[PDB]
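Visitor: For reference, this is structure-v9.pdb, and it has PDB, C-alpha atoms.
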ATOM      1  CA  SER H 153      50.571  72.196  52.451
ATOM      2  CA  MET H 154      50.267  69.330  49.976
ATOM      3  CA  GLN H 155      53.219  68.458  47.742
ATOM      4  CA  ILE H 156      52.055  66.076  45.006
ATOM      5  CA  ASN H 157      53.521  64.741  41.767
ATOM      6  CA  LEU H 158      51.284  64.121  38.755
ATOM      7  CA  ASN H 159      51.871  61.920  35.719
ATOM      8  CA  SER H 160      51.642  64.071  32.597
ATOM      9  CA  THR H 161      50.328  61.358  30.263
ATOM     10  CA  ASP H 162      47.301  60.442  32.391
ATOM     11  CA  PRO H 163      44.132  60.760  30.279
ATOM     12  CA  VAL H 164      41.337  63.237  30.954
ATOM     13  CA  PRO H 165      38.519  61.517  32.901
ATOM     14  CA  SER H 166      35.675  60.243  30.735
ATOM     15  CA  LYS H 167      33.042  60.748  33.447
ATOM     16  CA  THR H 168      32.056  64.408  33.316
ATOM     17  CA  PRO H 169      31.431  66.283  35.531
ATOM     18  CA  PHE H 170      33.265  65.814  38.837
ATOM     19  CA  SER H 171      31.262  63.640  41.242
ATOM     20  CA  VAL H 172      32.231  62.673  44.788
ATOM     21  CA  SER H 173      30.482  59.297  44.524
ATOM     22  CA  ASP H 174      31.934  58.379  41.113
ATOM     23  CA  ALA H 175      35.626  57.522  41.409
ATOM     24  CA  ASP H 176      36.140  57.586  37.629
ATOM     25  CA  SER H 177      35.041  61.239  37.641
ATOM     26  CA  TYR H 178      38.350  62.342  39.204
ATOM     27  CA  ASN H 179      41.990  61.457  38.616
ATOM     28  CA  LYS H 180      43.196  61.413  42.225
ATOM     29  CA  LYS H 181      41.772  61.563  45.751
ATOM     30  CA  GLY H 182      43.724  62.569  48.845
ATOM     31  CA  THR H 183      42.922  63.268  52.476
ATOM     32  CA  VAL H 184      44.436  65.724  54.954
ATOM     33  CA  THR H 185      43.194  66.029  58.534
ATOM     34  CA  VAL H 186      42.791  69.571  59.862
ATOM     35  CA  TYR H 187      41.667  70.745  63.298
ATOM     36  CA  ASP H 188      39.175  73.448  64.266
ATOM     37  CA  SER H 189      38.998  75.723  67.320
ATOM     38  CA  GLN H 190      37.650  72.948  69.571
ATOM     39  CA  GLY H 191      40.087  70.402  68.140
ATOM     40  CA  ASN H 192      37.536  68.294  66.285
ATOM     41  CA  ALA H 193      39.079  66.659  63.228
ATOM     42  CA  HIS H 194      37.942  67.570  59.708
ATOM     43  CA  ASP H 195      39.073  65.120  57.015
ATOM     44  CA  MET H 196      39.593  67.484  54.068
ATOM     45  CA  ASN H 197      39.199  65.379  50.927
ATOM     46  CA  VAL H 198      40.984  66.916  47.939
ATOM     47  CA  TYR H 199      40.143  65.748  44.418
ATOM     48  CA  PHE H 200      42.443  66.269  41.429
ATOM     49  CA  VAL H 201      40.919  66.145  37.936
ATOM     50  CA  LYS H 202      42.626  66.976  34.658
TER      51      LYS H 202
ATOM     52  CA  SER M 153      73.787  58.011  19.082
ATOM     53  CA  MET M 154      72.993  55.111  16.756
ATOM     54  CA  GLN M 155      75.649  52.541  15.841
ATOM     55  CA  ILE M 156      74.293  50.130  13.216
ATOM     56  CA  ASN M 157      75.775  47.693  10.693
ATOM     57  CA  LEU M 158      74.727  48.015   7.043
ATOM     58  CA  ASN M 159      75.132  45.218   4.501
ATOM     59  CA  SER M 160      76.256  46.117   0.980
ATOM     60  CA  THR M 161      74.216  43.300  -0.593
ATOM     61  CA  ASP M 162      70.811  44.640   0.473
ATOM     62  CA  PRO M 163      68.755  45.388  -2.664
ATOM     63  CA  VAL M 164      66.896  48.630  -3.320
ATOM     64  CA  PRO M 165      63.182  48.086  -2.550
ATOM     65  CA  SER M 166      60.965  47.629  -5.597
ATOM     66  CA  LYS M 167      57.947  49.465  -4.164
ATOM     67  CA  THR M 168      59.420  52.966  -4.158
ATOM     68  CA  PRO M 169      59.185  55.218  -2.229
ATOM     69  CA  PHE M 170      59.631  54.164   1.411
ATOM     70  CA  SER M 171      56.432  52.830   3.000
ATOM     71  CA  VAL M 172      56.067  52.371   6.756
ATOM     72  CA  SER M 173      53.524  49.546   6.449
ATOM     73  CA  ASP M 174      55.245  47.681   3.599
ATOM     74  CA  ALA M 175      58.030  45.493   4.985
ATOM     75  CA  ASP M 176      59.626  45.078   1.546
ATOM     76  CA  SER M 177      59.721  48.875   1.173
ATOM     77  CA  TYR M 178      62.494  49.374   3.755
ATOM     78  CA  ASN M 179      65.824  47.673   4.390
ATOM     79  CA  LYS M 180      66.173  48.196   8.152
ATOM     80  CA  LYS M 181      63.935  49.505  10.935
ATOM     81  CA  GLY M 182      65.114  50.463  14.410
ATOM     82  CA  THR M 183      63.410  51.940  17.451
ATOM     83  CA  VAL M 184      64.897  54.437  19.909
ATOM     84  CA  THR M 185      63.009  55.608  22.994
ATOM     85  CA  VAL M 186      63.667  59.248  23.876
ATOM     86  CA  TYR M 187      62.188  61.625  26.446
ATOM     87  CA  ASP M 188      60.890  65.165  25.987
ATOM     88  CA  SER M 189      61.011  67.971  28.563
ATOM     89  CA  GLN M 190      58.279  66.378  30.710
ATOM     90  CA  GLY M 191      59.807  62.920  30.260
ATOM     91  CA  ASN M 192      57.156  61.200  28.156
ATOM     92  CA  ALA M 193      58.413  58.216  26.162
ATOM     93  CA  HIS M 194      58.649  58.892  22.415
ATOM     94  CA  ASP M 195      59.449  55.962  20.102
ATOM     95  CA  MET M 196      61.441  57.319  17.158
ATOM     96  CA  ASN M 197      61.463  54.764  14.355
ATOM     97  CA  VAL M 198      64.572  55.129  12.183
ATOM     98  CA  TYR M 199      64.435  53.563   8.719
ATOM     99  CA  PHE M 200      67.536  52.826   6.629
ATOM    100  CA  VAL M 201      66.691  52.237   2.954
ATOM    101  CA  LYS M 202      69.418  51.742   0.358
TER     102      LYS M 202
END
Is it possible to give me this structure as structure tokens?

Guide:
Amino acid sequence: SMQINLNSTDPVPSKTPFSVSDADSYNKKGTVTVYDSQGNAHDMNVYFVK
Amino acid sequence: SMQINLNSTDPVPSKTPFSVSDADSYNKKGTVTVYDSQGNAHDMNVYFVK
């Protein structure tokens, strides 16, 4: 679960389309660490774009 | 609510009707910041013209 709050007046990103390398291509980046069957950590990166 | 003081000696502007850009076209300008449902800041300009 990821509870987030977003500012309504944030502008739409100018850099289309979404790119992992380009930070300006997304509004927000977050990270949540999940675990698999053998316990190895996967750093799920979640990108929010308007 | 808006509590303002109005002076009886203020003349009627010569450049009728009211013009937002023309300073001589209005007698008093005030600004009130309100919030909509999502809470964005809206600057209502209230103009008192005799």

Visitor: Would you write out chain H as a PDB file with C-alpha atoms, in the frame of the given file, after superposing it on chain M by least squares over all in-order Cα pairs?

Guide:
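To be explicit, this is the file written out as selection_29.pdb:
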ATOM      1  CA  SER H 153      73.591  57.973  18.789  1.00  0.00           C
ATOM      2  CA  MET H 154      72.942  54.892  16.662  1.00  0.00           C
ATOM      3  CA  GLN H 155      75.866  52.727  15.555  1.00  0.00           C
ATOM      4  CA  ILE H 156      74.679  50.304  12.865  1.00  0.00           C
ATOM      5  CA  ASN H 157      76.357  47.954  10.398  1.00  0.00           C
ATOM      6  CA  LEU H 158      74.889  47.441   6.928  1.00  0.00           C
ATOM      7  CA  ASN H 159      75.420  44.593   4.475  1.00  0.00           C
ATOM      8  CA  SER H 160      76.761  46.026   1.223  1.00  0.00           C
ATOM      9  CA  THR H 161      75.220  43.423  -1.098  1.00  0.00           C
ATOM     10  CA  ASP H 162      71.629  43.926   0.078  1.00  0.00           C
ATOM     11  CA  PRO H 163      69.421  44.752  -2.929  1.00  0.00           C
ATOM     12  CA  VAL H 164      67.597  48.044  -3.419  1.00  0.00           C
ATOM     13  CA  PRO H 165      63.959  47.699  -2.263  1.00  0.00           C
ATOM     14  CA  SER H 166      61.500  46.934  -5.051  1.00  0.00           C
ATOM     15  CA  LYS H 167      58.614  48.759  -3.353  1.00  0.00           C
ATOM     16  CA  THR H 168      59.041  52.437  -4.173  1.00  0.00           C
ATOM     17  CA  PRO H 169      58.570  54.825  -2.473  1.00  0.00           C
ATOM     18  CA  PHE H 170      59.218  54.508   1.267  1.00  0.00           C
ATOM     19  CA  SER H 171      56.039  53.585   3.156  1.00  0.00           C
ATOM     20  CA  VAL H 172      55.672  53.117   6.910  1.00  0.00           C
ATOM     21  CA  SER H 173      52.980  50.453   6.483  1.00  0.00           C
ATOM     22  CA  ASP H 174      54.835  48.459   3.805  1.00  0.00           C
ATOM     23  CA  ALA H 175      57.788  46.601   5.315  1.00  0.00           C
ATOM     24  CA  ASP H 176      59.235  45.731   1.894  1.00  0.00           C
ATOM     25  CA  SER H 177      59.521  49.466   1.175  1.00  0.00           C
ATOM     26  CA  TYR H 178      62.493  49.807   3.554  1.00  0.00           C
ATOM     27  CA  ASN H 179      65.613  47.757   4.216  1.00  0.00           C
ATOM     28  CA  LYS H 180      65.767  48.088   8.004  1.00  0.00           C
ATOM     29  CA  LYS H 181      63.639  49.382  10.881  1.00  0.00           C
ATOM     30  CA  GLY H 182      64.964  50.358  14.300  1.00  0.00           C
ATOM     31  CA  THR H 183      63.562  51.995  17.410  1.00  0.00           C
ATOM     32  CA  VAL H 184      65.157  54.327  19.956  1.00  0.00           C
ATOM     33  CA  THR H 185      63.233  55.720  22.924  1.00  0.00           C
ATOM     34  CA  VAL H 186      63.773  59.410  23.676  1.00  0.00           C
ATOM     35  CA  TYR H 187      62.297  61.547  26.451  1.00  0.00           C
ATOM     36  CA  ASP H 188      60.751  65.018  26.308  1.00  0.00           C
ATOM     37  CA  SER H 189      60.611  67.813  28.896  1.00  0.00           C
ATOM     38  CA  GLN H 190      57.852  66.101  30.906  1.00  0.00           C
ATOM     39  CA  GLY H 191      59.521  62.699  30.577  1.00  0.00           C
ATOM     40  CA  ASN H 192      56.954  61.133  28.263  1.00  0.00           C
ATOM     41  CA  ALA H 193      58.550  58.517  26.025  1.00  0.00           C
ATOM     42  CA  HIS H 194      58.740  58.990  22.249  1.00  0.00           C
ATOM     43  CA  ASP H 195      59.586  55.816  20.315  1.00  0.00           C
ATOM     44  CA  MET H 196      61.633  57.255  17.436  1.00  0.00           C
ATOM     45  CA  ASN H 197      61.339  54.773  14.572  1.00  0.00           C
ATOM     46  CA  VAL H 198      64.247  55.050  12.133  1.00  0.00           C
ATOM     47  CA  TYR H 199      63.976  53.498   8.671  1.00  0.00           C
ATOM     48  CA  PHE H 200      66.992  52.673   6.499  1.00  0.00           C
ATOM     49  CA  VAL H 201      66.463  52.306   2.741  1.00  0.00           C
ATOM     50  CA  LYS H 202      69.127  51.890   0.080  1.00  0.00           C
TER      51      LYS H 202
END

Visitor: Pick out the closest residue to chain H from this set: M:189, M:155, M:195, M:201. Count all atoms listed in the file.

Guide: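 Smallest separation from chain H among the options: M:189.
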
Visitor: Do you have, as JSON lines, the list of residues of chain H lying at most 10 Å from chain M, each with its nearest atom pair and that distance in Å to one decimal, counting all atoms listed in the file and ordered by chain then number?

Guide:
{"residue": "H:159", "atom": "CA", "partner": "M:192", "partner_atom": "CA", "distance": 9.3}
{"residue": "H:160", "atom": "CA", "partner": "M:190", "partner_atom": "CA", "distance": 7.3}
{"residue": "H:161", "atom": "CA", "partner": "M:192", "partner_atom": "CA", "distance": 7.1}

Visitor: Find the residues around stretch 164-169 of chain H up to 7 Å (all atoms listed in the file counted), leave out those fewer than 5 positions away in its own chain, and share them as a PyMOL selection string.

Guide: chain H and resi 176-179+202

Visitor: Counting only C-alpha atoms, what is within 12 Å of residue H:153, bar same-chain residues fewer than 3 positions away, as a ChimeraX atom specification?

Guide: /H:156,183-186,198

Visitor: Taking C-alpha atoms for each residue, export the selection above as an mmCIF file, keeping the file's coordinate frame.

Guide:
data_model
loop_
_atom_site.group_PDB
_atom_site.id
_atom_site.type_symbol
_atom_site.label_atom_id
_atom_site.label_comp_id
_atom_site.auth_asym_id
_atom_site.auth_seq_id
_atom_site.Cartn_x
_atom_site.Cartn_y
_atom_site.Cartn_z
ATOM 1 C CA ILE H 156 52.055 66.076 45.006
ATOM 2 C CA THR H 183 42.922 63.268 52.476
ATOM 3 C CA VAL H 184 44.436 65.724 54.954
ATOM 4 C CA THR H 185 43.194 66.029 58.534
ATOM 5 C CA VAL H 186 42.791 69.571 59.862
ATOM 6 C CA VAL H 198 40.984 66.916 47.939
#

Visitor: Name the residues that the PyMOL selection byres ((chain H and resi 181) around 7) pulls out of this structure, and write them as a ChimeraX atom specification.

Guide: /H:180,182,197-200

Visitor: Could you tell me how far atom CA of residue H:196 sits from atom CA of residue H:170, in Å to one decimal place?

Guide: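 These two atoms are separated by 16.6 Å.
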
Visitor: Just to confirm, what's the straight-line distance from atom CA of residue H:187 to atom CA of residue H:174 in Å (one decimal)?

Guide: 27.2 Å

Visitor: Using atom CA of residue H:171 and atom CA of residue H:154 as the two end points, give the distance in Å to one decimal.

Guide: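 Computing the Euclidean distance for atom CA of residue H:171 and atom CA of residue H:154 yields 21.7 Å.
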
Visitor: Return the padded bounding box of stretch 167-175 of chain H as JSON: axis-aligned, built from all atoms listed in the file, 8 Å added on each side, with centre and edge lengths in Å to one decimal.

Guide:
{"center_x": 33.1, "center_y": 61.9, "center_z": 39.1, "size_x": 21.1, "size_y": 24.8, "size_z": 27.5}

Visitor: Would you save stretch 185-200 of chain M from the block above with N, CA and C atoms, as a compact mmCIF listing (two decimals), in the first residue's frame?

Guide:
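After the write, result.txt holds the following:
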# COMPACT_ATOMS: atom_id res chain seq x y z
N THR M 185 -7.95 36.53 -0.99
CA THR M 185 -7.54 35.20 -1.41
C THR M 185 -8.51 34.17 -0.85
N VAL M 186 -9.19 33.44 -1.73
CA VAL M 186 -10.14 32.42 -1.34
C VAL M 186 -9.64 31.07 -1.84
N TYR M 187 -10.33 30.01 -1.42
CA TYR M 187 -9.95 28.65 -1.77
C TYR M 187 -11.17 27.90 -2.28
N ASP M 188 -10.99 27.17 -3.38
CA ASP M 188 -12.05 26.37 -3.97
C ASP M 188 -12.13 25.02 -3.24
N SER M 189 -12.85 24.07 -3.84
CA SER M 189 -13.01 22.76 -3.21
C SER M 189 -11.68 22.04 -3.01
N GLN M 190 -10.78 22.10 -3.99
CA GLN M 190 -9.47 21.48 -3.87
C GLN M 190 -8.46 22.35 -3.14
N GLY M 191 -8.81 23.59 -2.81
CA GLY M 191 -7.95 24.42 -1.99
C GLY M 191 -6.98 25.31 -2.74
N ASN M 192 -7.12 25.42 -4.06
CA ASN M 192 -6.25 26.31 -4.82
C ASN M 192 -6.55 27.76 -4.47
N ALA M 193 -5.51 28.59 -4.49
CA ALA M 193 -5.63 29.99 -4.10
C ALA M 193 -6.14 30.83 -5.27
N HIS M 194 -7.28 31.48 -5.07
CA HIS M 194 -7.91 32.33 -6.08
C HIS M 194 -7.91 33.76 -5.55
N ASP M 195 -7.36 34.68 -6.34
CA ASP M 195 -7.23 36.08 -5.92
C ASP M 195 -8.35 36.90 -6.53
N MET M 196 -9.46 37.01 -5.80
CA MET M 196 -10.56 37.88 -6.22
C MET M 196 -10.17 39.34 -6.03
N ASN M 197 -10.16 40.09 -7.12
CA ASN M 197 -9.96 41.53 -7.05
C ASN M 197 -11.32 42.23 -7.03
N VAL M 198 -11.56 43.02 -5.99
CA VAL M 198 -12.82 43.72 -5.79
C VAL M 198 -12.58 45.20 -6.01
N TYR M 199 -13.34 45.79 -6.93
CA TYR M 199 -13.15 47.17 -7.34
C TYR M 199 -14.37 47.99 -6.95
N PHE M 200 -14.13 49.05 -6.17
CA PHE M 200 -15.17 50.00 -5.76
C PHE M 200 -14.98 51.27 -6.57
